[PDB]
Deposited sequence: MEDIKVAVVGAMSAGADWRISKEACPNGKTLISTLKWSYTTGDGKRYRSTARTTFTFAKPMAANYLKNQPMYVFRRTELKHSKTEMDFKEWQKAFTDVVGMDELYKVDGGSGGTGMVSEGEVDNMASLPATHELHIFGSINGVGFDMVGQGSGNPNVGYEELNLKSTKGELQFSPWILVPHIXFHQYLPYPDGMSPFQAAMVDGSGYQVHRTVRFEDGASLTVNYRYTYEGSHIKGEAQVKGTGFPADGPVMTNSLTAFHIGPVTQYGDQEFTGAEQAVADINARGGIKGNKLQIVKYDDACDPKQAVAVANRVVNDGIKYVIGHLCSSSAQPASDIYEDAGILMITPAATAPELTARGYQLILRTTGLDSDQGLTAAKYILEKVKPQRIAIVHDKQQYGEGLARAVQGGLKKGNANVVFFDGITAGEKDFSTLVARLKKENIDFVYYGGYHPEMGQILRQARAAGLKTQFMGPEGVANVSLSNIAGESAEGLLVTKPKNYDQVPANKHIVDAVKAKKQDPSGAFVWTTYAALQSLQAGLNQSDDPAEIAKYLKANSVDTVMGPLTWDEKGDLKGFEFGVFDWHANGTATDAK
């Protein structure tokens, strides 16, 4: 009768604005606060850290603070930084429940020590509002240029600026009486690295002097930290796909658990982020196993669902990908691996047919981005086009995430290309469509479900008009799915996305399974020999876990970010 844990594996999700510091006091003279903290890489990767932080009070804390077992503190931050300056702002709000809706005026921070034995030292002034939990800080180097990421000194760059619901925090209480606290903080990194910070404070009226002594060690030398690859989260090349999964998934789970759940037992999503990165997707998978989670919804890109699939199979963990389409993944005899989507093979053949039958252009160019998906899809299509005598002029590739297509654009122009197929994902396609119509090509473009999203429209504007896509059918127009569509809307979320539906269908799949056996093997056996009613229709699977008789369907794309037959 425990809740049943399902892993949902997104990609390049923002995550929550506020961080939970949990706060416990085991004695009158000690406060311990626990932190989870992911950084993000100028790449959209996640570097995961866990903090323990210890406050020593020279005088015992009044009884009121102790009688109020777990306090919860929500904190956000911002950092602008050069190689020499930093500028930082913190908002902090205390509550006694995990549900989110003279005192100090000025301070200084001397923050010094070492990172992988590279000494650093910074100094500078700041202010805050002890009533509201706001603080700000400027900091200048007294040595030279940080040869590490300044986002590693974040959080560590003044809890005397908090307050509790009905008064002063313990931290403030301690400043006003003069007896004070000290702070040890310790950070574990997923990659073995380690950071120690010790904090002493003097008070001079309402001004604070912070001393902060910093020992970091065994950061990998081409890690995010030693490499300055750390950024705030900026939307990433697959944020659209992760967001559509999470949406379809959170609706589904609500709707299931309302209907009473599996057999009394409710489902609980445990969110993970693999960044569609091979290594990270392998960190995620090892964590999934270790967390006792036996059913996985996700790994969205082929490139990251392969590496992940190995561990899951190796561990007796069920994995339904609602999104990864490269046929490789179900072509290696794995038994615990299912799909709520089709394959590049059928997706490239659908295209070629629509080009040979219903377009018939004169001069074809085939472009891809060189990854499994894109090249994969271009080879189907090329092969379909070759067999129907279509006049394919050149097949070519580009790097993912360059913004400059002046070379491809001048070349489609020089060679009077009226049609182009682009195997790949929306960022590159977006720029193509847009830098094309800028240069005044009348060229007609085509893409797979990877470009069939609202972000394509966001990048391209009017250029997106007339783009041809292959994509799953529009199940958001099917009357059964009306209720679901309304709920997504109630939440201001966009239900047209296909991964919303595939994801929703993948949970329903898991549902049917779970209703006999909590065992990952019988589920895969059951599902393979039975049809499930889902938001996509009935869903028979085959013995390698591919959906039987899945047809993508070909659609006209529009600058509004909808799509018609």
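- Unmodelled regions of the deposited chain, listed from N- to C-terminal end, are 102-126, 183, 592-593.
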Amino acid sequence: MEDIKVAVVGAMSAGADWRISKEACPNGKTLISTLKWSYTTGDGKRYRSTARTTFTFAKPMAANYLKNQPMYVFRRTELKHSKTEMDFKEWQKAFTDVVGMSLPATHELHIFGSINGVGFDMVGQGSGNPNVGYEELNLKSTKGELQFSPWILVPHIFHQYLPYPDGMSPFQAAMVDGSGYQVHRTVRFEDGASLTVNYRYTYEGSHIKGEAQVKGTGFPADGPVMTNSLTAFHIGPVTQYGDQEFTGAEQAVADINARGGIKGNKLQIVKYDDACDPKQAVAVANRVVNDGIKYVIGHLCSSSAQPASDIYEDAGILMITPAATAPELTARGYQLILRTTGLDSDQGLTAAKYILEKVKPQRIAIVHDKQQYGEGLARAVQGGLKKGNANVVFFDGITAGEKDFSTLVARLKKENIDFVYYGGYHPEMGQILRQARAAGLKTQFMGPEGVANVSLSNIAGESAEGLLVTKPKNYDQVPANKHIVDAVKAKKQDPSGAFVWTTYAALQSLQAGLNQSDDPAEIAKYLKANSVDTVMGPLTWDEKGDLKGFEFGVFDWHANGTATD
From here on, numbers count along this sequence of modelled residues.
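- The mean C-alpha temperature factor is higher for 225-233 when 297-305 and 225-233 are set side by side.
- Of the two segments examined, 262-270 and 422-430, it is 262-270 that shows the higher average Cα temperature factor in the deposited entry.
- Highest CA B-factor among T534, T30, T53, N68, as stated in the entry: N68.
- Within the listed group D344, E85, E136, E465, the record reports its top CA B-factor for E85.
- For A24, the recorded CA B-factor ranks within the middle third of the chain. Only modelled residues enter the ranking.
- Compared with the other modelled residues of the chain, the Cα B-factor recorded for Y161 ranks in the middle third.
- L514: CA B factor lies in the highest third for its chain, per the PDB record.
- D121: CA B factor in the lowest third of modelled residues in this chain (values from the PDB entry).
- Compared with the other modelled residues of the chain, the Cα B-factor recorded for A505 ranks in the middle third.
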